[PDB]
4 protein chains.
Amino acid sequence: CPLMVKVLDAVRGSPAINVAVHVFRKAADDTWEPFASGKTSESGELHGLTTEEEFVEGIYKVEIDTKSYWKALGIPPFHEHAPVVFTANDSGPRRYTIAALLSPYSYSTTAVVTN
Amino acid sequence: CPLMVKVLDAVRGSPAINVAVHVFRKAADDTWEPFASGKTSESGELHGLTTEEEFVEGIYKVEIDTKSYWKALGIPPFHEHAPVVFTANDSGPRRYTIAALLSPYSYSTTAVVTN
Amino acid sequence: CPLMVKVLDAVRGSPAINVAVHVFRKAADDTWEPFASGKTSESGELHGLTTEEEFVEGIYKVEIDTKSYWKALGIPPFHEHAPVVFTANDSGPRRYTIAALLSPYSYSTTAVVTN
Amino acid sequence: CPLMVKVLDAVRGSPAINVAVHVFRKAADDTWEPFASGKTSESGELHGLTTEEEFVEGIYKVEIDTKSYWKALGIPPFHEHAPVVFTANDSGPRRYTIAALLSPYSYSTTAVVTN
Ligand code: NA
Ligand code: NA
Ligand code: NA
Ligand code: NA
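Residues numbered from 1 in each chain as written, not as in the entry; some residues may be left out. Chains lettered and ligands numbered in written order. Heavy atoms only, no water. Residues with missing side-chain atoms left out of burial classes, pairs and counts.

The name given to chain A in the PDB entry is Transthyretin, and the organism recorded there is Homo sapiens. Word for word, the UniProt comment on chain A under Function is "Thyroid hormone-binding protein. Probably transports thyroxine from the bloodstream to the brain." Check the Sequence similarities section of the UniProt entry for chain A; it says "Belongs to the transthyretin family." (UniProt positions renumbered as here; feature names shortened; annotations may be inferred.)

Below, the structure written as structure tokens:
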């Protein structure tokens, strides 16, 4: 599991469940190409997006579909989604967790990179 | 104005208006002594808490009364208040802005310190 | 001034000065079209991006160039930039402040929308 | 495990390891009484603070010793610590996670309350 996503809801104080997440990788023509996707579980986590073999160095975008999450709860949202864009760099063994904390008009994201 | 407080609401995307703020300073007997207090304005800001003369070196606690704010909006919040504790003026006077962003089950705070 | 951007630095406790910001608007062909850009001032603020006349309804992306900011401080950051994507002026004109707080491996963003 | 604490470091992009955490419970005389304490593990988590039997309804303060954490890394910090104050309410089965994300001049905290 070299790439995991964890999402929390700051309004309800809970994991953000059933949040769609789309991962893209920047192609040679400078466009974003679909790479992996899924929905967060009951724990707010999304595991199994990719494998060590497929997840090569490159520029990636992890897009968290925050607007659809808030709409499913009936809460007015501001953002369309929360894109998290970064370079994956092989610097010894690494696992990347993209964590996000969501509110209707605000969010935070952190990368947790461990060996 | 050596100490300012600014509060935003992450649910409504607005300044957090009429938020009570109590400032304490740690006394020689290690207890918290009342220092200054006030309420945020229509802009979510609280100016004029203290003066350069009164704001001496010390350990301060800026307590943002988040529970009363959320209850006045009819939303039950998780926290009792948001205390922000720091040492001030240790290397001479500085201007401190304590900013906070609120949600019912979460908050963030940052300090902007200028010379 | 219907669109303002404010950026703070969470490591130094200061405004994030000279941060490049690029604003795009989604065109009819679903591509991102350049709309406005600028750099934050000594206060960490970017004013005068657009006018009430030019800032029509649409989907906008406010891309904060966090990587160049951290690299100019000699700190390698995790993200390429911090894109903030939202629909604007859907229920008539509003004043939007996009605020962001930066750390090398994390950032937070909030929107303050006023009428 | 009815009360857990999880702490992340936004500068290094890692779990915040070996962070001291002190939990207090408000006594009848309105003072804070020590209740439980520990240090976050290699995963940034602190498990086993209390038991279902001891963790009754009441007002609690979870104080994260952020200044000692940053000092151990040699990074200049602003806050003395990050106190998180809340009422524990029995409203069916509940587990409380106090999560925090730390930067030298800023932090965020969220409560994740699950059944
Ligand atoms: Na994976
Ligand atoms: Na003042
Ligand atoms: Na403008
Ligand atoms: Na426990």
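Novice: It is not clear to me how the interface of chain D and chain C should be interpreted in this structure. Could you clarify?
Specialist: Note on interface size: it is often stated as the accessible area lost on association of the parts. Taken together, the nine residues of chain D in the interface contact nine residues of chain C. Counting each side, the surface lost to burial between chain D and chain C is near 670 Å², with a carbon and sulfur contribution of 62%. The interface formed by chain D and chain C contains zero salt bridges. The tally of links from chain D across to chain C stands at three residue pairs in polar contact. Counted by class, the side of chain D that touches chain C contains five nonpolar, three polar and one charged residues. (Contact = heavy atoms within 4.5 Å. Buried area = accessible area lost by both parts, 1.4 Å probe. Salt bridge = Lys/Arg side-chain N within 4 Å of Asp/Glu carboxyl O. Polar contact = N/O pair within 3.5 Å; in protein donor to acceptor, adjacent residues only side chain to side chain. Nonpolar A, V, L, I, M, F, W, Y, C, P; charged D, E, K, R; others polar.)

Novice: In this structure, what is going on with the coordination of the sodium ion (ligand 4)? I would like to understand it.
Specialist: Angles at a metal have ideal values that depend on geometry: 109.5 degrees with four tetrahedral donors, 90 or 180 degrees with six octahedral donors. In this structure, D:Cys1 (SG) and D:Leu3 (O) serve as the protein donors to the sodium ion (ligand 4), at separations of 3.0 Å. Its relative accessible area of 38% is what places D:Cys1 among the partly exposed residues. (Donors = N, O, S within 2.8 Å, 3.2 Å for Na, K, Ca; no water. Buried < 20%, exposed > 50% of the residue type's maximum accessible area, 1.4 Å probe, protein only.)

Novice: Quick question: what am I supposed to make of the relation of the copies chain A and chain C here?
Specialist: Expressed as a screw transformation, the operator carrying chain A onto chain C has a rotation angle of 179° and an axial translation of 0.3 Å, and the superposed copies differ by an RMSD of 0.9 Å. Seen this way, the second copy is the image of the first under a two-fold rotation axis. Minimal C-alpha separation from the rotation axis in chain A is found for A:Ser108, amounting to 1.9 Å. When the interface residues of chain A are mapped onto chain C, 95% of them are again interface residues, pointing to one common binding face. (Least-squares fit on C-alpha atoms.)

Novice: Would you take a moment to explain the relation of the copies chain D and chain C for this structure?
Specialist: One copy of the chain maps onto the other through a rotation about an axis plus a displacement along that axis. Aligned on chain C, chain D shows an RMSD of 0.9 Å; the corresponding rotation is 180° and the shift along the axis is 0.3 Å. Residue by residue, 100% of the interface of chain D is reproduced at the interface of chain C, so both copies engage with the same surface.

Novice: Just to check I follow, could you spell out the environment of B:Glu52 for this structure?
Specialist: Residue and element names in this part refer to chain B. Its place among the elements puts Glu52 in the loop between strand 5 (45–46) and strand 6 (58–64). Among the residues examined, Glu52 registers a relative accessible area of 70% and is labelled exposed. When the C-alpha positions of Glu52 and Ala28 are compared, they lie 21 Å apart, and in sequence the two are 24 residues distant. (Helix = DSSP H or I, 4+ residues; strand = E, 2+ residues; numbered from the N terminus.)

Novice: What am I meant to see in the environment of D:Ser37 here?
Specialist: With respect to the element layout, D:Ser37 can be found in strand 4 (residues 32–39). Taking C-alpha positions, D:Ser37 is 23 Å from D:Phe78, a pair spaced 41 residues apart along the chain.

Novice: What is the right way to look at the sheet that holds strand 4 (residues 32–39) of chain C in this model?
Specialist: Where strands meet in a sheet, backbone hydrogen bonds hold them as pairs that are either parallel or antiparallel. One open sheet accounts for eight strands, arranged 4(A)-3(A)-6(A)-7(A)-7(C)-6(C)-3(C)-4(C); its pairing is antiparallel. For this open sheet the edge positions go to strand 4 (32–39) of chain A together with strand 4 of chain C, each flanked by a neighbour on one side alone. Ignoring which end each strand starts from, the neighbouring axes of this sheet average 20° apart. Two strands pair when backbone bridges link them, and strand 3 (residues 20–26) of chain C and strand 6 (residues 58–64) of chain C are joined in this way by five bridges, in the antiparallel orientation. In the strand pairing of strand 6 of chain C, C:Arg25 is matched with C:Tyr60. Sheet contacts for helix 1 (residues 66–73) of chain A: strand 6 (58–64) and strand 7 (79–88) of chain A together with strand 7 (79–88) of chain C; angle to strand 7 of chain A, the most-contacted strand, approximately 145°. (Pairing = 2+ DSSP bridges. Axes fitted to C-alpha atoms, helices over the stretch in contact; angles between N-to-C directions.)

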